[PDB]
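Asker: A single structure is presented below for examination.
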Amino acid sequence: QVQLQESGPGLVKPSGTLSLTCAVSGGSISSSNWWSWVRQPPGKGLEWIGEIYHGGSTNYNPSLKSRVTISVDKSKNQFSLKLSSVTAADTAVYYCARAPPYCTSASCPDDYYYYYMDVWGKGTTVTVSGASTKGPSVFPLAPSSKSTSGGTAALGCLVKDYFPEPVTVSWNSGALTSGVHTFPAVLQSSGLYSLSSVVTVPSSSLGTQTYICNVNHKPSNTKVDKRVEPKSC
Amino acid sequence: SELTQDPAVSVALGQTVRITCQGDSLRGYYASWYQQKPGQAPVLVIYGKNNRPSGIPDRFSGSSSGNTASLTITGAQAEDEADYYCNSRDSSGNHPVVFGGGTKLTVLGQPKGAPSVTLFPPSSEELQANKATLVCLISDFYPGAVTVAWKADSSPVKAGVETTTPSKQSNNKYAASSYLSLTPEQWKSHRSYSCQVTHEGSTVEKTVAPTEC
Amino acid sequence: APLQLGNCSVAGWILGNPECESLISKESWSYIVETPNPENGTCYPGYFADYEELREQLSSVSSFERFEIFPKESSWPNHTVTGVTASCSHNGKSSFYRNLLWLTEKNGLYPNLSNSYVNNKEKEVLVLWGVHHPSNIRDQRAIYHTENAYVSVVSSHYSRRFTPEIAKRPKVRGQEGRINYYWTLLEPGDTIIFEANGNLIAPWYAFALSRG
Ligand SMILES: *[C@@H]1O[C@H](CO)[C@@H](O)[C@H](O)[C@H]1NC(C)=O
Ligand SMILES: *[C@@H]1O[C@H](CO)[C@@H](O)[C@H](O)[C@H]1NC(C)=O
């Protein structure tokens, strides 16, 4: 049915205004629906931000009411969120969701007294910082005849010194998904992130199958397709 | 007001667990439950009285009693390990939405595994950029508690070490990584470097050498 | 043999009240026996229009039959149909009239409704329907996605447009909303057209009969 997809900057300067956009497809934004926003600081619980119903009706979190503005744009079939005077407390993964309509009287069917959010976006990582954006440097992690384990061998990609989060990695343009693990990122003393993505692969394929990792760093609009070859020694 | 729930609970696999959520807003509107796996968006598992969305197994059941809502998972499995949040709308005022604090469910009795360790030397491309990183990838271990140590030749090293906290992979086992940052001259001036991985009192060590392929 | 309604009334039986569930009818009867007024027969509070005349024409029938005038799985695609309410519960589970469908918004929308039926049954067809009246304006918009609603029922011998009136009311059977029930007789060959943008308690099952 309806699908949601967030979009916006992954970096906002302190005291600045966060500005996010959620695109609704497979449905009309001007409908009987409470389009909502939810955020999640790293390692923390879900926090409800606010909701909107077409006609201008907005309902916000009391602790966020002063800095939050949720609007809607019918022409582009989307609803937005704008959060002003951002600090480190506003660093979080922001979700846009859909809540059903509800009633405040005993004149509706039973299903209109439940609250839930069934349709969720994929999430947008926003970091509140003053540091600049930096694209990653990708280096291959080649397989070695010492570091193999019989019929299978491990090869990967080092994604070094990017900022901010996040980075996604696929293999062979998504055609290779089994044995793939992308580790979480380390935060170095320099304030830059780094991670690795490894895939376990049959050993007898090292010399005849091409392995390319696909690095995506949307905060810097950077895509790197790194070829991972066996060591020529 | 607010919804409170215990932050952590554990259940042995195959048995049943009941995740309780309490608050003054539960008498007005019905509570809803979500399951959040690490790094993923929350998925609604129960709404209304005991209604489950399409594609949610009947192992998840939800009951309420007074100012208390409960999520029961009968016959727990390894795939049920996630964070669970309650969620309701207040029946007073402008009807704001409140989330519970969340509950981390741990499924006990899963098979143990010794960590698999793969140590990568600095690639020739990174070296020719005048940088050097050793990459120690640790995977397929349960429980997810591990301690890493590095060695230059035979001497312990603590400078330039960065290790990720363990994370479960799609295998349900845990993985973790450790990086040793070096200069190309430090890399070439030693005879070998080692990544030492200790898990449940036993240790796996891998070694790389600049003179070998 | 007379129509035996047992512990429930004519209103609850003809509407499909969940407490009169089962209670299989017959093809013919010369009179009706009943226990009258269990909450006036309607599990959801409201007004039954021309109720005395309906009982008169249902007194003696010869070829009674209950059929599906508008099947649930079709007829109403862009609307949701599984609307139930606690006032019409069966076995401790909320339900609704077995012969009517509480149509509400599907995916946030309640498109313009238009469905017709032709009486090809060679007898009279009794069509029941309803119109819903929420108690506040906020719930009207949440349920039907319109502030101004109409329901048009047009046949060759019947024509009426209902406008829902929203007003606060006491709780009757725990509900502040009302549903007014209406009906008309469709002669053979006639066409009846239901048009709506909200508040319609749409006909699901109807009745064909003779001597009425
Ligand atoms: C009403 O129901 C009860 C129990 O099912 C039954 O004993 C009684 O006979 C019923 N009423 C009539 C008039 O049959
Ligand atoms: C539906 O019908 C109403 C009244 O006949 C009309 O005003 C409206 O334009 C029609 N279309 C929609 C999409 O509501």
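Residue numbers (the deposited numbering), protein chains in the order written: chain H, 1 to 233; chain L, 2 to 214; chain A, 52 to 263. For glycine and all other residues, C-beta sits at the position ideal for the given N, C-alpha and C.
Assuming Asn88 of chain L and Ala32 of chain L are in contact, meaning their beta carbons sit under 8 angstroms apart, how far apart are those beta carbons, in whole angstroms?
Answerer: That pair is a contact at about 7 angstroms.
Asker: Output yes if chain L places a C-beta closer than 8 angstroms to the C-beta of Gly10 of chain H; else output no.
Answerer: Chain L contact via Cβ: absent.
Asker: Which residues in chain H sit within 7 angstroms of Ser186 of chain A, going by Cβ to Cβ distance?
Answerer: What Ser186 of chain A touches in chain H: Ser105, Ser107.
Asker: Please classify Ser36 of chain H: is it buried, with 16 or more other beta-carbons within 10 angstroms of its beta-carbon, or exposed?
Answerer: Answer is buried; the Cβ neighbour count reaches 16.
Asker: Mapping DSSP to helix, strand and coil, what is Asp161 of chain H?
Answerer: Strand, per DSSP.
Asker: Give me the residue from A:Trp180, A:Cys59, A:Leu152 with the minimum Cα distance to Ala100 of chain A.
Answerer: Nearest of A:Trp180, A:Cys59, A:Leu152 to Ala100 of chain A, Cα basis: A:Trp180.
Asker: So, is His208 of chain A buried or exposed, given that buried needs 16 or more other C-beta atoms within 10 angstroms?
Answerer: The residue is exposed, with fewer than 16 neighbouring Cβ atoms inside 10 Å.
Asker: Starting from the Cα of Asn158 of chain A, find the closest Cα among A:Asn150, A:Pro128, A:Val178, A:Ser165 and give me that residue.
Answerer: Comparing Cα-Cα distances from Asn158 of chain A to each of A:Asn150, A:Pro128, A:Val178, A:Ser165, the minimum goes to A:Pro128.
Asker: Ligand 1 and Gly249 of chain A: does the residue's C-beta get closer than 7 angstroms to at least one heavy atom of that ligand?
Answerer: Not so, every heavy atom of ligand 1 lies at least 7 angstroms from the Cβ.
Asker: Quick check: what's the CA-CA separation for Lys38 of chain L versus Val93 of chain H?
Answerer: Rounded to the nearest angstrom, the two C-alpha atoms are 14 angstroms apart.
Asker: The stretch 24-50 of chain L: which residues have C-beta closer than 7 angstroms to a C-beta of chain H, in chain order?
Answerer: Answer in chain order: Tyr30, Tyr31, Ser33, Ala42, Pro43, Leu45, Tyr48, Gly49.
Asker: Following the continuous beta strand (DSSP E) through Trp188 of chain L, name the residue where it begins and the one where it ends.
Answerer: No beta strand (DSSP E) contains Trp188 of chain L, which is instead part of the alpha helix (DSSP H) from 185-190.
Asker: Can you have a look at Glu82 of chain L and say buried or exposed, based on whether 16 or more other CB atoms are within 10 angstroms of its CB?
Answerer: Buried: at least 16 other Cβ atoms inside 10 Å.
Asker: Less than 8 angstroms between the beta carbons of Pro14 of chain H and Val68 of chain H, yes or no?
Answerer: Result no, Cβ atoms of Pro14 of chain H and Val68 of chain H do not sit closer than 8 angstroms.
Asker: Leaving aside the five residues before and after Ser111 of chain A along the sequence, list all residues of the same chain whose C-beta is less than 6 angstroms from its C-beta, in chain order.
Answerer: So the list reads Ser81, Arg262, once near-sequence residues are dropped.
Asker: Would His184 of chain A and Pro215 of chain A be called neighbours here (beta carbons separated by less than 8 angstroms)?
Answerer: It is a contact, given that the beta carbons lie within the stated cut-off.
Asker: So if DSSP puts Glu163 of chain L in a beta bridge, which residue, or which two residues, is it bridged to?
Answerer: Paired residue(s): L:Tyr180.
Asker: Taking 7 angstroms as the cut-off, is the C-beta of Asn166 of chain A nearer than that to any heavy atom in ligand 2?
Answerer: Every heavy atom of ligand 2 is 7 angstroms or more from the Cβ of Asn166 of chain A, so no.
Asker: Would you say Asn172 of chain H lies against chain A (beta-carbon separation less than 8 angstroms)?
Answerer: No - not a single Cβ of chain A is within 8 angstroms of the one on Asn172 of chain H.
Asker: What would DSSP say about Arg19 of chain L, mapped onto helix, strand or coil?
Answerer: The answer is strand: DSSP assigns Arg19 of chain L an E or B state.
Asker: Please state if the CB of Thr73 of chain L and the CB of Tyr85 of chain L are separated by a distance shorter than 8 angstroms.
Answerer: Cβ atoms of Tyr85 of chain L and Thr73 of chain L: not closer than 8 angstroms.
Asker: Relative to the alpha-carbon of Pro185 of chain L, which residue among L:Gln129, L:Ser203, L:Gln197 has its alpha-carbon at the smallest distance?
Answerer: Considering only alpha carbons, the answer is L:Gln129.
Asker: Quick one: which residues of the stretch 11-25 of chain H get their C-beta closer than 7 angstroms to a C-beta of chain L? List them in chain order.
Answerer: Residues passing the 7 angstroms Cβ filter: none.
Asker: Along the stretch 131-160 of chain A, where does the CB come closer than 7 angstroms to a CB of chain H? Name the residues.
Answerer: Cβ contacts with chain H: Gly134, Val135, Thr136, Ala137, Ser145, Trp153, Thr155, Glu156, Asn158, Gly159, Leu160.
Asker: Under 8 angstroms, CB to CB, which of the residues in the stretch 218-232 of chain H have a partner in chain L?
Answerer: So the close ones are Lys231.
Asker: Any beta carbon from chain L within less than 8 angstroms of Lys74 of chain H's own beta carbon?
Answerer: For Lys74 of chain H, the answer is no, since every Cβ of chain L falls outside 8 angstroms of its Cβ.
Asker: With respect to 7 angstroms, is the separation between the Cβ of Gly56 of chain H and the closest non-hydrogen atom of ligand 1 below this value?
Answerer: Outside the cutoff, so no.
Asker: Are the Cβ atoms of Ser178 of chain L and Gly161 of chain L separated by less than 8 angstroms?
Answerer: No, these two residues do not count as a Cβ contact at 8 angstroms.
Asker: Between the alpha carbons of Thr204 of chain L and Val198 of chain L, how many angstroms are there, rounded?
Answerer: Near 5 angstroms, if we compare the C-alpha coordinates of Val198 of chain L and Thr204 of chain L.
Asker: Taking 7 angstroms as the cut-off, does the CB of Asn163 of chain A come closer than this to any heavy atom belonging to ligand 2?
Answerer: Yes, the Cβ of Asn163 of chain A comes within 7 angstroms of a heavy atom of ligand 2.
Asker: Select from the stretch 193-216 of chain A all residues with a C-beta closer than 7 angstroms to any C-beta belonging to chain H, and list them in chain order.
Answerer: Residues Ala193, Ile194, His196.
Asker: Compute the minimum distance between the beta carbon of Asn52 of chain L and the heavy atoms of ligand 1, and state whether it is under 7 angstroms.
Answerer: No, since every heavy atom of ligand 1 falls outside the 7 angstroms radius drawn around the Cβ of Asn52 of chain L.
Asker: Does any C-beta atom of chain H lie closer than 8 angstroms to the C-beta of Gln187 of chain L?
Answerer: For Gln187 of chain L, the answer is no, since every Cβ of chain H falls outside 8 angstroms of its Cβ.
Asker: Under 8 angstroms between the Cβ atoms of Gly114 of chain L and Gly15 of chain L?
Answerer: Their beta carbons are not under 8 angstroms apart, which means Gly114 of chain L does not touch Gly15 of chain L by this criterion.
Asker: Judging by CA-CA distance, which residue of H:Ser147, H:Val72, H:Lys218 is the nearest neighbour of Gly135 of chain H?
Answerer: Nearest option by C-alpha distance: H:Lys218.
Asker: Between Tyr60 of chain H and chain A, is the shortest Cβ-Cβ distance under 8 angstroms, so that the two count as touching?
Answerer: Not one chain A Cβ lies under 8 angstroms of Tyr60 of chain H.
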